[PDB]
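Trainee: Curious how this folds, go ahead:
(chains A and B)
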Amino acid sequence: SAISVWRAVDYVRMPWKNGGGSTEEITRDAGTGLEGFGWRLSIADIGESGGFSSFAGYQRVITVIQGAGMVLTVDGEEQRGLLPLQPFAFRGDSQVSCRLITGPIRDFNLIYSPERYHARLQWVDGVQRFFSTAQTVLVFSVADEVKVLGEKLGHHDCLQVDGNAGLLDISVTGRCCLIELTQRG
Amino acid sequence: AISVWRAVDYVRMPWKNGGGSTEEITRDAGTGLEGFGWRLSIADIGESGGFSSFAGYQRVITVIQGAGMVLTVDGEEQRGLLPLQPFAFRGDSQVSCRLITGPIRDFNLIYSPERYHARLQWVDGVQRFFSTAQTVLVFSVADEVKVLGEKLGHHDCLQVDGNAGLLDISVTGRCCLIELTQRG
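Mentor: Residues are numbered from 1 along each chain as shown, chains lettered A, B, ... in the order given. Have a look at this structure:
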């Protein structure tokens, strides 16, 4: 139905309050409410070790997309290593800090409200084909050319399908992340 | 192919400098190298200050809420923008805005002239036109604009995509007509 292509050359980089990194917003839900937000997609540049903000009540899934990896500590559990393209889910409630090992990292970030949205996320490669009733489908490229729905996405470009109301049949070729989001009733 | 974008759904993003925010309406598919080739949006200008530049692009902006503001373009004398008065300027210009009676919202067109042919016209009443343009956009500033069997409310936007013949379009009500066609 309604296809949008977010080109990474258009993303606006915004320094974090604290000076330790910056965020490029890709896209997000269209709600307005003072009552919290529904879902947001972004790229975070992490330039220093330190603590992350918390987002109480939200679910997060983050993935290293540039640089060699970093280590997270979540709620003082044992340290966890994040390698490139390995997705990692955690609660926004959690207290989280990051230790850079090889220097700065860029992360692909999904955050959503589980009260408000159903969600799916999967990193894929090669030739893929799926059918989905999801209202919003997102395709985020980590390759020079990901082909999807007649568009060609370069590195960190993102295709978005919105307002779907039947069963979508989507083929994708290349290395990318597939996200699907649907408002809960 | 007809889509209708509803204003209640426009995604709003705050500006890097904190002086305002922008609501996305619609944009082309763009290129990986150059980004979008055209974009429609609504700029909510909360404070006086400078605009970003877009070297190589052409802009047309229109005040759509508030009583107006004053633009300074490069060395030119100040220019007053009144409601619904479109103003064209180059993206490579250095432009700043002085608010006079408080915040303003502008309907913004930007396009790449290397990539697109363009047309813009604010209209009212009953209109009929024929166009070969690839993309036809109709942005409403009324409670009801009728076009192509649709009804647009305040700040809603109709989009016709992939047109390949001579489209015959009737429109009723106060709105902005934009036509965009990829250039070889």
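Trainee: can you pull the contacts of residue A:30?
Mentor: B:8, B:9, B:10, B:11 (Cβ atoms under 8 Å, 6 or more residues apart in numbering or on different chains). From N, CA and C alone the C-beta is placed, and that goes for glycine too.
Trainee: Tell me the bridge partners for the last one.
Mentor: Which is residue B:11. On the basis of DSSP bridges, residue B:11 is bridged to residue B:24.
Trainee: so how far is residue A:16 from it?
Mentor: Distance check for residue B:11 against residue A:16: by Cβ to Cβ, to the nearest Å, it reads 22 Å.
Trainee: now swap in the third one and tell me
Mentor: Residue B:10 sits 26 Å away from residue A:16, taking Cβ to Cβ as the criterion.
Trainee: and what of the first one?
Mentor: Residue B:8 sits 31 Å away from residue A:16 when distances are taken as Cβ to Cβ.
Trainee: my read: residue A:75 touches residue A:94, true?
Mentor: Yes: applying Cβ atoms under 8 Å, one finds residue A:75 in contact with residue A:94, separated by 5.1 Å.
Trainee: With neighbour numbers in mind, choose between the two.
Mentor: residue A:94 (17 against 10; other Cβ atoms under 10 Å in any protein chain shown).
Trainee: domain ranges for chain A?
Mentor: Split into domains by curated CATH domains, chain A comes to A:1-11+A:115-185, A:12-114.
Trainee: wait, residue A:69 sits on residue A:101?
Mentor: Yes: assessed by Cβ under 8 Å, residue A:69 is found in contact with residue A:101 at 6.8 Å.
Trainee: Those two: which is more packed in?
Mentor: Remark: of residue A:69 and residue A:101, residue A:69 carries more neighbours, 15 against 12, as counted by other Cβ under 10 Å.
Trainee: OK, contacts around that one?
Mentor: For residue A:69, counting by Cβ under 8 Å, 6+ apart, the contacting residues are A:81, A:82, A:83, A:84, A:101, A:102, A:105.
Trainee: from those, which single one is nearest chain B?
Mentor: residue A:84 (20.8 Å; Cβ to the nearest Cβ).
Trainee: List the contacts of that closest one.
Mentor: A:64, A:65, A:66, A:67, A:68, A:69.
Trainee: Of all the residues in chain A, which one is nearest chain B?
Mentor: Counting by Cβ to the nearest Cβ, chain A gets nearest chain B through residue A:154, at 3.2 Å.
Trainee: now what about stretch A:144-155, what contacts it?
Mentor: A:3, A:5, A:7-8, A:139, A:141-143, A:157, A:159, A:161, A:170-176, B:29, B:32-33.
Trainee: Isn't residue A:58 up against residue A:89?
Mentor: No: using Cβ under 8 Å, residue A:58 is not in contact with residue A:89, being 11.5 Å away.
Trainee: the more surrounded of those two?
Mentor: It is residue A:58, of residue A:58 and residue A:89, that has more neighbours when counted by other Cβ under 10 Å, with 21 against 10.
Trainee: Next, that one: phi, psi?
Mentor: Dihedral pair for residue A:58: phi -100, psi 160, per degrees, to the nearest 10.
Trainee: and it, what is it in contact with?
Mentor: A:91, A:92, A:111, A:112, A:113, A:114 are the contacts of residue A:58 under Cβ under 8 Å, 6+ apart.
Trainee: wait, what's in contact with residue A:40?
Mentor: A:25, A:27, A:28, A:29, A:109, A:110, A:111, A:112.
Trainee: picking up where we left off before, buried subset of the contacts of residue A:58 as a PyMOL selection?
Mentor: In PyMOL, a selection of the buried entries from these looks like this (16 or more other Cβ atoms under 10 Å in any protein chain shown):
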select buried, chain A and resi 91+92+111+112+113
